[PDB]
């Protein structure tokens, strides 16, 4: 046991964390009111470190949900789960950050940042050990991009010792709510970079397409993406909840996945994505779901890993997975496929297995599979996505289009040209470790 605290920032952050704790609760047979059937309690030696036990056997997530507007967390406060979360954990303001990074980091954020700190203080002062924080946010939202970076700066001076993991949305036009999201994404990345140890980005388009052919949803809603996204987050946080072999500590994510400090953005790939529509479906062997982890249609960020060099792999299996067959599949990626590693780095593939049957949402679109997997490659080929984003940014910054909203909201013009040049250095960072 050593605890983890979840902070969910901004609309995407809150609705994805809501889907996450929904799936977490099902996975340990906890009910939407905190209570658990004694059928599923143990003699002490309950390895829920994401959950806190209180008298009368209510289990209360170690989570803070923060939005600068009240509407989304209002829909957490009166839904199925008004019971799970303590209200202190659910902080809102009244005026949002009108898709403006500077509102969140510089003006409207600075007015709610102390109260968040001191509530997140109450979750921390109740932990015996503590590892740090899992922080859920969006790149294109105003609060998502802007307030998150303000929280990271300050969770890093308080709790400077503690580890910081972020799950980050990467915007797609098919669900863009705004035109400055490239501004917002390069802004939150520059200011947060120095304060995150690992960051799994979720391309809303990658997910949107997976939902379109694997589940055959034609016009997916946030409720489809979150169901599916809530999956891959649970594969990540499987170990931190189930006393597992790999990634036992938050530090070991940084240990295994991220050798070099700035290049800390792995590529999560997931399989099987199987629809609840399909009438009969022959479950997929370990060997099958491991070869799908190398099919670019299943990763959660669009890029060509073949054009890039690997520098760390971990594969996380769940369910009816026998350890011998894992190594048969792993030894055959090393021969049926050509997977190059950094000129200077150990070749290997860490493995974890979880033995618990993958849970899906009952009456949702994902079909209960028998053995799933989630590989976390860290490729140089993810630099491809940073380029997409950088170019969109460049197109507007050439014209100083929209900048005057940011400078009027706390920013200096040079911050734009600065944040953009951190990126120019980073695309050079991914250029030099590989090739």
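Numbering follows the first chain given and starts at 1.
Pick one of none, 1 to 3, 4 to 9 or 10 or more for the number of deposited-sequence residues not modelled between residue 55 and residue 56.
-> In the deposited sequence, nothing is left without coordinates between these two.
Looking at the deposited entry, does 274-282 or 68-76 carry the larger mean Cα B-factor?
-> The deposited B-factors put 274-282 ahead on the C-alpha mean.
Selected stretch [higher average CA B-factor]: 112-120 or 200-208 = That would be 112-120.
Of the residues 215, 97, 267, 187, the one carrying the largest Cα B-factor as recorded | If I rank 215, 97, 267, 187 by C-alpha B-factor, first place goes to 215.
Out of 361, 236, 180, 315, residue topping the C-alpha B-factor column of the entry | Comparing C-alpha B-factors across 361, 236, 180, 315, the top value belongs to 361.
Would you please rank residue 386 by its C-alpha temperature factor against the other modelled residues of its chain and give the third it falls in: lowest, middle or highest?
-> Middle third of the chain for residue 386's C-alpha B-factor.
Could you look up the Cα B-factor of residue 30 in the entry and say which third of the chain it sits in: lowest, middle or highest?
-> Its C-alpha B-factor, which the entry lists for residue 30, ranks in the highest third among residues of this chain.
Assigned third (lowest, middle, highest) for the C-alpha B factor of residue 41 | As the PDB entry reports it, the C-alpha B-factor of residue 41 lands in the highest third of its chain.
Among all modelled residues of this chain, ranked by Cα B factor, put residue 137 in the bottom, middle or top third, i.e. lowest, middle or highest.
-> Bottom third by C-alpha B-factor.
Thinking about Cα B factors across the chain, which third does residue 165 belong to?
-> Its C-alpha B-factor belongs to the middle third of this chain's values.
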